[PDB]
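Asks: Got a structure for you, structure17.cif, holding mmCIF, C-alpha atoms and all ligand atoms.
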data_target
#
loop_
_atom_site.label_atom_id
_atom_site.label_comp_id
_atom_site.auth_asym_id
_atom_site.auth_seq_id
_atom_site.Cartn_x
_atom_site.Cartn_y
_atom_site.Cartn_z
CA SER O 2 -8.59 -5.49 15.02
CA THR O 3 -5.93 -3.06 13.82
CA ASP O 4 -2.99 -2.49 16.14
CA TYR O 5 -0.71 -0.25 14.07
CA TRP O 6 -0.49 3.39 13.06
CA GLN O 7 1.92 4.25 10.23
CA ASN O 8 2.77 7.90 9.69
CA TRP O 9 6.01 8.46 7.81
CA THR O 10 7.07 11.60 5.95
CA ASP O 11 10.44 12.34 4.35
CA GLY O 12 9.82 15.91 5.61
CA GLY O 13 8.65 17.57 2.35
CA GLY O 14 5.56 19.84 2.61
CA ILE O 15 2.66 19.15 4.97
CA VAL O 16 1.29 15.76 5.90
CA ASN O 17 -1.50 16.20 8.48
CA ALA O 18 -2.39 12.65 9.46
CA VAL O 19 -5.04 11.98 12.12
CA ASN O 20 -4.92 8.76 14.13
CA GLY O 21 -8.69 8.42 14.57
CA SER O 22 -10.75 6.00 16.62
CA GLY O 23 -10.68 2.31 15.84
CA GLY O 24 -9.37 1.63 12.35
CA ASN O 25 -10.17 5.15 11.11
CA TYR O 26 -7.65 7.71 9.91
CA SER O 27 -7.47 10.78 7.69
CA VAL O 28 -4.69 12.59 5.84
CA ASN O 29 -4.66 16.10 4.44
CA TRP O 30 -1.46 16.78 2.56
CA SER O 31 0.12 19.63 0.63
CA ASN O 32 3.02 19.82 -1.81
CA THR O 33 4.64 16.77 -0.22
CA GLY O 34 7.79 14.76 -0.64
CA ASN O 35 7.24 11.02 -0.21
CA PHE O 36 5.01 9.86 2.65
CA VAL O 37 3.08 6.79 3.81
CA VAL O 38 0.19 6.95 6.27
CA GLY O 39 -2.20 4.23 7.34
CA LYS O 40 -3.67 1.72 9.80
CA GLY O 41 -3.39 -2.07 9.99
CA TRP O 42 -1.16 -4.59 11.73
CA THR O 43 2.25 -4.66 13.33
CA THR O 44 2.70 -8.18 12.03
CA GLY O 45 1.52 -8.78 8.51
CA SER O 46 0.13 -12.10 7.38
CA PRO O 47 0.03 -13.71 3.91
CA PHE O 48 -3.44 -15.03 4.85
CA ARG O 49 -5.07 -11.82 5.99
CA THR O 50 -8.26 -10.42 4.51
CA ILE O 51 -8.08 -6.62 4.81
CA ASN O 52 -11.38 -4.73 4.91
CA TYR O 53 -11.52 -0.98 4.39
CA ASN O 54 -13.80 1.84 3.43
CA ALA O 55 -12.30 4.94 1.88
CA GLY O 56 -14.83 7.63 2.83
CA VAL O 57 -12.63 10.18 1.07
CA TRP O 58 -10.21 9.59 -1.78
CA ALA O 59 -9.19 12.94 -3.20
CA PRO O 60 -5.53 12.96 -4.38
CA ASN O 61 -4.41 16.00 -6.39
CA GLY O 62 -1.34 14.51 -8.04
CA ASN O 63 0.50 11.29 -7.20
CA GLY O 64 -1.22 9.44 -4.36
CA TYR O 65 -1.97 5.69 -4.01
CA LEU O 66 -4.80 4.05 -2.05
CA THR O 67 -3.02 0.83 -1.40
CA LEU O 68 -2.32 -2.06 0.86
CA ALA O 69 1.28 -1.52 1.85
CA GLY O 70 3.63 -3.78 3.76
CA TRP O 71 7.10 -5.19 4.17
CA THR O 72 8.88 -8.45 4.80
CA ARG O 73 12.43 -9.23 5.85
CA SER O 74 14.43 -12.36 4.93
CA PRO O 75 14.36 -11.09 2.27
CA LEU O 76 13.54 -7.42 2.52
CA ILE O 77 10.64 -6.75 0.18
CA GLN O 78 8.07 -4.00 -0.04
CA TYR O 79 4.71 -4.93 -1.45
CA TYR O 80 1.59 -3.12 -2.55
CA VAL O 81 -1.94 -3.83 -3.56
CA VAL O 82 -3.02 -0.58 -5.24
CA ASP O 83 -6.78 -0.06 -5.52
CA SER O 84 -6.87 3.63 -6.52
CA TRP O 85 -4.51 6.43 -7.40
CA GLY O 86 -4.38 10.05 -8.57
CA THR O 87 -2.53 11.29 -11.64
CA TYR O 88 -0.16 8.33 -11.85
CA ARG O 89 -0.75 4.58 -12.17
CA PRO O 90 2.34 2.77 -10.82
CA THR O 91 3.84 0.21 -13.14
CA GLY O 92 7.14 -1.65 -13.50
CA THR O 93 8.25 -4.96 -15.05
CA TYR O 94 5.08 -6.74 -16.08
CA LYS O 95 4.76 -10.25 -14.57
CA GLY O 96 1.10 -11.15 -15.20
CA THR O 97 -2.36 -10.51 -13.74
CA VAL O 98 -4.49 -11.64 -10.81
CA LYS O 99 -8.25 -11.38 -10.28
CA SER O 100 -9.32 -10.64 -6.72
CA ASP O 101 -12.25 -9.00 -4.92
CA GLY O 102 -14.12 -7.95 -8.06
CA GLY O 103 -11.15 -6.55 -10.01
CA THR O 104 -8.20 -7.45 -12.21
CA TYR O 105 -4.75 -6.29 -11.16
CA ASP O 106 -1.54 -6.20 -13.16
CA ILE O 107 1.46 -7.68 -11.35
CA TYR O 108 4.74 -5.78 -11.43
CA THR O 109 8.18 -5.76 -9.82
CA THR O 110 10.43 -2.72 -9.35
CA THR O 111 13.81 -2.28 -7.70
CA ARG O 112 14.79 0.61 -5.38
CA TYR O 113 18.47 1.57 -4.96
CA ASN O 114 19.97 3.49 -2.03
CA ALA O 115 16.42 4.15 -0.80
CA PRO O 116 14.72 4.34 2.61
CA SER O 117 13.32 1.09 3.98
CA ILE O 118 12.30 -0.29 7.40
CA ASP O 119 15.98 -1.42 7.56
CA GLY O 120 17.74 1.93 6.97
CA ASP O 121 17.74 5.21 5.01
CA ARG O 122 19.94 3.74 2.26
CA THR O 123 19.08 0.22 1.04
CA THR O 124 18.45 -1.83 -2.11
CA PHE O 125 15.17 -3.76 -2.23
CA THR O 126 12.53 -5.17 -4.57
CA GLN O 127 8.90 -4.02 -4.58
CA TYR O 128 6.07 -6.39 -5.50
CA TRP O 129 2.93 -4.77 -6.94
CA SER O 130 -0.60 -5.75 -7.76
CA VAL O 131 -2.09 -2.66 -9.46
CA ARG O 132 -5.77 -2.52 -10.29
CA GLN O 133 -6.36 -2.09 -14.01
CA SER O 134 -8.88 0.64 -13.30
CA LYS O 135 -9.51 2.70 -10.17
CA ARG O 136 -11.63 0.88 -7.59
CA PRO O 137 -14.87 2.71 -6.58
CA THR O 138 -14.48 4.15 -3.07
CA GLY O 139 -17.01 4.93 -0.34
CA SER O 140 -18.31 1.37 0.10
CA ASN O 141 -16.87 -1.43 2.18
CA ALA O 142 -14.16 -3.17 0.18
CA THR O 143 -12.09 -6.32 0.64
CA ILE O 144 -8.53 -7.15 -0.33
CA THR O 145 -8.08 -10.93 -0.11
CA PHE O 146 -4.32 -10.78 0.29
CA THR O 147 -3.85 -14.56 -0.06
CA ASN O 148 -4.88 -14.25 -3.69
CA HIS O 149 -2.09 -11.73 -4.37
CA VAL O 150 0.53 -13.71 -2.47
CA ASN O 151 -0.33 -16.91 -4.34
CA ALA O 152 -0.35 -15.11 -7.69
CA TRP O 153 3.01 -13.45 -6.95
CA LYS O 154 4.49 -16.73 -5.72
CA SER O 155 3.36 -18.47 -8.91
CA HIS O 156 5.30 -15.80 -10.84
CA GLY O 157 8.47 -16.44 -8.84
CA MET O 158 7.89 -13.49 -6.50
CA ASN O 159 8.71 -14.81 -3.00
CA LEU O 160 7.94 -12.77 0.12
CA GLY O 161 10.27 -12.95 3.14
CA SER O 162 9.60 -15.18 6.13
CA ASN O 163 9.71 -12.34 8.69
CA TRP O 164 6.57 -10.20 8.29
CA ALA O 165 6.71 -6.53 9.22
CA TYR O 166 3.87 -3.98 9.19
CA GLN O 167 0.86 -4.35 6.92
CA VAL O 168 -1.53 -1.41 6.48
CA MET O 169 -4.17 0.05 4.23
CA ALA O 170 -2.35 3.24 3.27
CA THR O 171 -2.35 6.61 1.65
CA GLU O 172 1.04 7.08 -0.04
CA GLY O 173 1.92 10.30 -1.89
CA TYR O 174 4.78 11.89 -3.78
CA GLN O 175 4.98 15.48 -4.98
CA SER O 176 1.27 16.01 -4.48
CA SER O 177 -1.58 17.38 -2.37
CA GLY O 178 -4.84 15.78 -1.30
CA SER O 179 -7.27 14.48 1.31
CA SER O 180 -8.18 10.93 2.27
CA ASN O 181 -10.29 9.29 4.97
CA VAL O 182 -10.10 5.51 5.44
CA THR O 183 -11.28 2.94 7.95
CA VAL O 184 -9.49 -0.41 8.17
CA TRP O 185 -10.45 -3.64 9.93
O1 LIG M 201 -16.03 13.58 6.46
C1 LIG M 201 -16.57 12.29 6.16
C2 LIG M 201 -15.75 11.22 6.86
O2 LIG M 201 -15.81 11.36 8.27
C3 LIG M 201 -16.24 9.86 6.45
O3 LIG M 201 -15.52 8.90 7.16
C4 LIG M 201 -15.91 7.58 6.76
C5 LIG M 201 -16.98 7.04 7.68
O4 LIG M 201 -17.52 5.90 7.03
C6 LIG M 201 -16.54 4.88 6.92
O5 LIG M 201 -17.02 3.65 6.47
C7 LIG M 201 -17.62 2.90 7.52
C8 LIG M 201 -16.56 2.00 8.13
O6 LIG M 201 -17.14 1.07 9.05
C9 LIG M 201 -18.02 0.18 8.39
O7 LIG M 201 -18.53 -0.76 9.27
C10 LIG M 201 -17.78 -1.97 9.39
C11 LIG M 201 -18.61 -3.11 8.85
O8 LIG M 201 -17.92 -4.36 9.00
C12 LIG M 201 -17.69 -4.66 10.38
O9 LIG M 201 -17.07 -5.90 10.49
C13 LIG M 201 -16.81 -3.60 11.00
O10 LIG M 201 -16.57 -3.91 12.36
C14 LIG M 201 -17.43 -2.22 10.85
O11 LIG M 201 -16.51 -1.24 11.32
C15 LIG M 201 -19.19 0.93 7.83
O12 LIG M 201 -20.04 0.03 7.13
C16 LIG M 201 -18.75 2.07 6.91
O13 LIG M 201 -19.87 2.90 6.64
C17 LIG M 201 -15.29 5.30 6.17
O14 LIG M 201 -14.30 4.29 6.28
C18 LIG M 201 -14.75 6.60 6.70
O15 LIG M 201 -13.73 7.08 5.83
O16 LIG M 201 -16.13 9.70 5.05
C19 LIG M 201 -16.98 10.62 4.36
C20 LIG M 201 -16.58 12.05 4.65
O17 LIG M 201 -17.51 12.93 4.02
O1 LIG M 202 10.09 3.55 -2.42
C1 LIG M 202 9.57 4.25 -1.30
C2 LIG M 202 10.12 3.64 -0.02
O2 LIG M 202 11.49 4.01 0.09
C3 LIG M 202 9.36 4.07 1.21
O3 LIG M 202 9.83 3.37 2.32
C4 LIG M 202 9.55 3.95 3.59
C5 LIG M 202 10.86 4.18 4.32
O4 LIG M 202 10.65 4.66 5.65
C6 LIG M 202 9.91 3.72 6.42
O5 LIG M 202 9.80 4.18 7.72
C7 LIG M 202 8.54 3.56 5.83
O6 LIG M 202 7.74 2.73 6.65
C8 LIG M 202 8.65 3.04 4.40
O7 LIG M 202 7.35 2.97 3.82
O8 LIG M 202 7.98 3.81 1.05
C9 LIG M 202 7.44 4.60 -0.01
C10 LIG M 202 8.04 4.21 -1.34
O9 LIG M 202 7.61 5.14 -2.34
ZN ZN M 203 -0.22 -15.67 -13.43
#
Step by step, read the file and then write its structure as structure tokens.
Ligand SMILES: O[C@@H]1[C@@H](O)[C@H](O[C@@H]2CO[C@@H](O[C@@H]3CO[C@@H](O[C@@H]4CO[C@@H](O)[C@H](O)[C@H]4O)[C@H](O)[C@H]3O)[C@H](O)[C@H]2O)OC[C@H]1O
Ligand SMILES: O[C@@H]1[C@@H](O)[C@H](O[C@@H]2CO[C@@H](O)[C@H](O)[C@H]2O)OC[C@H]1O
Ligand SMILES: [Zn+2]

Replies:
Amino acid sequence: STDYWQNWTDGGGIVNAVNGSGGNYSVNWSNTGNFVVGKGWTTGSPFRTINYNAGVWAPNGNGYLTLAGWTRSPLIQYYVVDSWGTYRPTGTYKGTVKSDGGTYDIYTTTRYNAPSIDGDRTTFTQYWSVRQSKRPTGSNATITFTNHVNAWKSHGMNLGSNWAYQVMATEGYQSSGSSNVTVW
């Protein structure tokens, strides 16, 4: 089951995150900076199948409903974005991957002098799978993460050997909204 609660805010606006029972959490946010809230696992796995149900997905502005995680060796942040608000994240286009009923575009981005799990000022690459259209929410959904890892790997996108957290997240920037998600 899930063993990790992520609740990070850069301190802008309100992020009211509720660590609920089991794999359940909610977030109600207002006029935020950057934040990431979610439930999953202390130690991520390239093999894991993440199940979730987003009972509420109501961003007003930039929010992502996304698998979010990190590796070290090297330091990489990765995403599998299923839904969003006013902004679909993109970057350097690498290809596509089909998984769990949808097609995702694959992208890489680079962050400079940015907060990471290794410091408040670091340089790192982000790997993305971004669904081509918003995934319906409210039903039980799967993300077969092995499919994304294999697709990324085949496009020369190597994850680090040391796996950090891995969560089904609400991430926001400069936005308001409400979400309710259960992860298992
Ligand atoms: O205000 C309302 C919110 O409280 C509500 O919260 C949602 C409650 O429904 C959630 O979806 C549940 C999650 O659990 C699923 O069962 C799993 C089935 O697979 C098993 O292996 C696993 O052990 C079970 O836990 C269940 O089928 C599903 O209905 C949802 O995630 C919450 O966000 O949302 C609606 C608001 O109006
Ligand atoms: O690019 C942004 C990242 O810089 C941000 O990283 C967060 C840094 O603080 C850590 O405690 C968090 O766990 C980590 O997610 O993530 C959001 C992204 O937009
Ligand atoms: Zn490919």

Asks: Restricting the calculation to only C-alpha atoms and all ligand atoms, which member of O:116, O:47, O:39, O:56 is positioned closest to ligand LIG 201 (chain M)?

Replies: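 The answer is O:56, which sits nearest to ligand LIG 201 (chain M).
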
Asks: In Å, how far is it from atom CA of residue 180 of chain O to atom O17 of ligand LIG 201 (chain M)?

Replies: 9.7 Å

Asks: Within 7 Å of ligand ZN 203 (chain M), which residues show up when you count only C-alpha atoms and all ligand atoms? List them as a list in words, please.

Replies: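 The neighbouring residues of ligand ZN 203 (chain M) are, in order, residues 96, 97, 98, 152, 155 and 156 of chain O.
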
Asks: Looking at only C-alpha atoms, which of O:150, O:170, O:19, O:107 is the one that sits closest to residue 64 of chain O?

Replies: O:170

Asks: If you count all atoms listed in the file, which residues end up within 6 Å of ligand LIG 201 (chain M), as a PyMOL selection string?

Replies: chain O and resi 54-57+181-183

Asks: Point out the residue among O:157, O:178, O:103, O:34 with the least atom-to-atom distance to residue 18 of chain O, counting only C-alpha atoms.

Replies: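 Checking each candidate against residue 18 of chain O, we get O:178 as the closest.
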
Asks: Would you please work out which residue, of O:113, O:71, O:42, O:53, is nearest to residue 128 of chain O when using all atoms listed in the file?

Replies: O:71

Asks: Show which residues sit within 6 Å of segment 76-80 of chain O, as a ChimeraX atom specification. Count all atoms listed in the file, and ignore same-chain residues fewer than 5 positions away.

Replies: /O:68-71,125-129

Asks: I'd like the neighbourhood of segment 132-144 of chain O as a PyMOL selection string, where a residue qualifies if any of its atoms comes within 8 Å (using only C-alpha atoms), though same-chain residues fewer than 6 positions away should be ignored.

Replies: chain O and resi 50-58+81-85+100-101+103-106

Asks: As a ChimeraX atom specification, please: every protein or nucleic acid residue near ligand LIG 202 (chain M) (cut-off 6 Å, counting all atoms listed in the file).

Replies: /O:9,37,115-118

Asks: What does the distance from atom CA of residue 99 of chain O to atom CA of residue 168 of chain O come to in Å, to one decimal?

Replies: 20.6 Å

Asks: With only C-alpha atoms as the basis for distance, which of O:151, O:67, O:61, O:109 is at the shortest distance from residue 87 of chain O?

Replies: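 The answer is O:61, which sits nearest to residue 87 of chain O.
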
Asks: Within 10 Å of residue 2 of chain O, counting all atoms listed in the file, which residues qualify if same-chain residues fewer than 5 places away don't, as number ranges by chain?

Replies: O: 23-24, 41-42, 184-185

Asks: Output the selection as a compact mmCIF listing (two decimals), in the frame of the given file - C-alpha atoms for each residue.

Replies:
# COMPACT_ATOMS: atom_id res chain seq x y z
CA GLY O 23 -10.68 2.31 15.84
CA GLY O 24 -9.37 1.63 12.35
CA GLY O 41 -3.39 -2.07 9.99
CA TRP O 42 -1.16 -4.59 11.73
CA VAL O 184 -9.49 -0.41 8.17
CA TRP O 185 -10.45 -3.64 9.93

Asks: Measuring atom to atom with only C-alpha atoms, identify which of O:159, O:93, O:111, O:171 is nearest to residue 26 of chain O.

Replies: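 Between O:159, O:93, O:111, O:171, the residue approaching residue 26 of chain O most closely is O:171.
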
Asks: Quick check, in Å to one decimal: how far apart do atom CA of residue 31 of chain O and atom CA of residue 124 of chain O lie?

Replies: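 Interatomic distance, atom CA of residue 31 of chain O to atom CA of residue 124 of chain O: 28.4 Å.
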
Asks: List the residues sitting within 10 Å of (4.3, 13.0, 1.1) in the file's frame, using all atoms listed in the file, as a list in words.

Replies: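 The answer, in the requested form, is residues 9, 10, 11, 12, 13, 14, 15, 16, 17, 30, 31, 32, 33, 34, 35, 36, 37, 38, 63, 64, 171, 172, 173, 174, 175, 176, 177 and 178 of chain O.
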
Asks: Selected residues, C-alpha atoms, written as a PDB file, in the frame of the given file, please.

Replies:
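Result written to part_39.pdb:
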ATOM      1  CA  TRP O   9       6.010   8.460   7.810  1.00  0.00           C
ATOM      2  CA  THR O  10       7.070  11.600   5.950  1.00  0.00           C
ATOM      3  CA  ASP O  11      10.440  12.340   4.350  1.00  0.00           C
ATOM      4  CA  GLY O  12       9.820  15.910   5.610  1.00  0.00           C
ATOM      5  CA  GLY O  13       8.650  17.570   2.350  1.00  0.00           C
ATOM      6  CA  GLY O  14       5.560  19.840   2.610  1.00  0.00           C
ATOM      7  CA  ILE O  15       2.660  19.150   4.970  1.00  0.00           C
ATOM      8  CA  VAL O  16       1.290  15.760   5.900  1.00  0.00           C
ATOM      9  CA  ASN O  17      -1.500  16.200   8.480  1.00  0.00           C
ATOM     10  CA  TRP O  30      -1.460  16.780   2.560  1.00  0.00           C
ATOM     11  CA  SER O  31       0.120  19.630   0.630  1.00  0.00           C
ATOM     12  CA  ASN O  32       3.020  19.820  -1.810  1.00  0.00           C
ATOM     13  CA  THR O  33       4.640  16.770  -0.220  1.00  0.00           C
ATOM     14  CA  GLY O  34       7.790  14.760  -0.640  1.00  0.00           C
ATOM     15  CA  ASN O  35       7.240  11.020  -0.210  1.00  0.00           C
ATOM     16  CA  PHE O  36       5.010   9.860   2.650  1.00  0.00           C
ATOM     17  CA  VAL O  37       3.080   6.790   3.810  1.00  0.00           C
ATOM     18  CA  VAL O  38       0.190   6.950   6.270  1.00  0.00           C
ATOM     19  CA  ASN O  63       0.500  11.290  -7.200  1.00  0.00           C
ATOM     20  CA  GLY O  64      -1.220   9.440  -4.360  1.00  0.00           C
ATOM     21  CA  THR O 171      -2.350   6.610   1.650  1.00  0.00           C
ATOM     22  CA  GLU O 172       1.040   7.080  -0.040  1.00  0.00           C
ATOM     23  CA  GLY O 173       1.920  10.300  -1.890  1.00  0.00           C
ATOM     24  CA  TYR O 174       4.780  11.890  -3.780  1.00  0.00           C
ATOM     25  CA  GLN O 175       4.980  15.480  -4.980  1.00  0.00           C
ATOM     26  CA  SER O 176       1.270  16.010  -4.480  1.00  0.00           C
ATOM     27  CA  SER O 177      -1.580  17.380  -2.370  1.00  0.00           C
ATOM     28  CA  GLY O 178      -4.840  15.780  -1.300  1.00  0.00           C
TER      29      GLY O 178
END

Asks: How would segment 105-120 of chain O look with N, CA and C atoms restored, written as a PDB file, keeping the file's coordinate frame?

Replies:
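See part-v9.pdb below for the written result:
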ATOM      1  N   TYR O 105      -5.955  -7.026 -11.479  1.00  0.00           N
ATOM      2  CA  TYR O 105      -4.750  -6.290 -11.160  1.00  0.00           C
ATOM      3  C   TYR O 105      -3.634  -6.768 -12.066  1.00  0.00           C
ATOM      4  N   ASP O 106      -2.818  -5.838 -12.585  1.00  0.00           N
ATOM      5  CA  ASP O 106      -1.540  -6.200 -13.160  1.00  0.00           C
ATOM      6  C   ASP O 106      -0.518  -6.408 -12.054  1.00  0.00           C
ATOM      7  N   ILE O 107       0.391  -7.360 -12.272  1.00  0.00           N
ATOM      8  CA  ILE O 107       1.460  -7.680 -11.350  1.00  0.00           C
ATOM      9  C   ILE O 107       2.755  -7.106 -11.902  1.00  0.00           C
ATOM     10  N   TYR O 108       3.473  -6.367 -11.032  1.00  0.00           N
ATOM     11  CA  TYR O 108       4.740  -5.780 -11.430  1.00  0.00           C
ATOM     12  C   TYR O 108       5.793  -5.966 -10.339  1.00  0.00           C
ATOM     13  N   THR O 109       7.068  -5.925 -10.741  1.00  0.00           N
ATOM     14  CA  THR O 109       8.180  -5.760  -9.820  1.00  0.00           C
ATOM     15  C   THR O 109       8.975  -4.516 -10.221  1.00  0.00           C
ATOM     16  N   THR O 110       9.504  -3.834  -9.204  1.00  0.00           N
ATOM     17  CA  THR O 110      10.430  -2.720  -9.350  1.00  0.00           C
ATOM     18  C   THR O 110      11.582  -2.936  -8.373  1.00  0.00           C
ATOM     19  N   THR O 111      12.667  -2.227  -8.626  1.00  0.00           N
ATOM     20  CA  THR O 111      13.810  -2.280  -7.700  1.00  0.00           C
ATOM     21  C   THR O 111      14.097  -0.863  -7.208  1.00  0.00           C
ATOM     22  N   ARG O 112      14.413  -0.711  -5.927  1.00  0.00           N
ATOM     23  CA  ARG O 112      14.790   0.610  -5.380  1.00  0.00           C
ATOM     24  C   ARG O 112      16.255   0.533  -4.956  1.00  0.00           C
ATOM     25  N   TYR O 113      17.025   1.570  -5.272  1.00  0.00           N
ATOM     26  CA  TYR O 113      18.470   1.570  -4.960  1.00  0.00           C
ATOM     27  C   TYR O 113      18.795   2.715  -4.041  1.00  0.00           C
ATOM     28  N   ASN O 114      19.561   2.432  -2.987  1.00  0.00           N
ATOM     29  CA  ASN O 114      19.970   3.490  -2.030  1.00  0.00           C
ATOM     30  C   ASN O 114      18.726   4.243  -1.579  1.00  0.00           C
ATOM     31  N   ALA O 115      17.701   3.506  -1.155  1.00  0.00           N
ATOM     32  CA  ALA O 115      16.420   4.150  -0.800  1.00  0.00           C
ATOM     33  C   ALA O 115      16.022   3.792   0.623  1.00  0.00           C
ATOM     34  N   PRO O 116      15.210   4.644   1.270  1.00  0.00           N
ATOM     35  CA  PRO O 116      14.720   4.340   2.610  1.00  0.00           C
ATOM     36  C   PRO O 116      13.831   3.095   2.690  1.00  0.00           C
ATOM     37  N   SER O 117      14.081   2.319   3.731  1.00  0.00           N
ATOM     38  CA  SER O 117      13.320   1.090   3.980  1.00  0.00           C
ATOM     39  C   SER O 117      13.083   1.008   5.481  1.00  0.00           C
ATOM     40  N   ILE O 118      12.458  -0.066   5.939  1.00  0.00           N
ATOM     41  CA  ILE O 118      12.300  -0.290   7.400  1.00  0.00           C
ATOM     42  C   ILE O 118      13.653  -0.738   7.969  1.00  0.00           C
ATOM     43  N   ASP O 119      14.661  -0.912   7.117  1.00  0.00           N
ATOM     44  CA  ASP O 119      15.980  -1.420   7.560  1.00  0.00           C
ATOM     45  C   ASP O 119      17.077  -0.352   7.427  1.00  0.00           C
ATOM     46  N   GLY O 120      16.714   0.903   7.183  1.00  0.00           N
ATOM     47  CA  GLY O 120      17.740   1.930   6.970  1.00  0.00           C
ATOM     48  C   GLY O 120      17.312   3.002   5.988  1.00  0.00           C
TER      49      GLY O 120
END
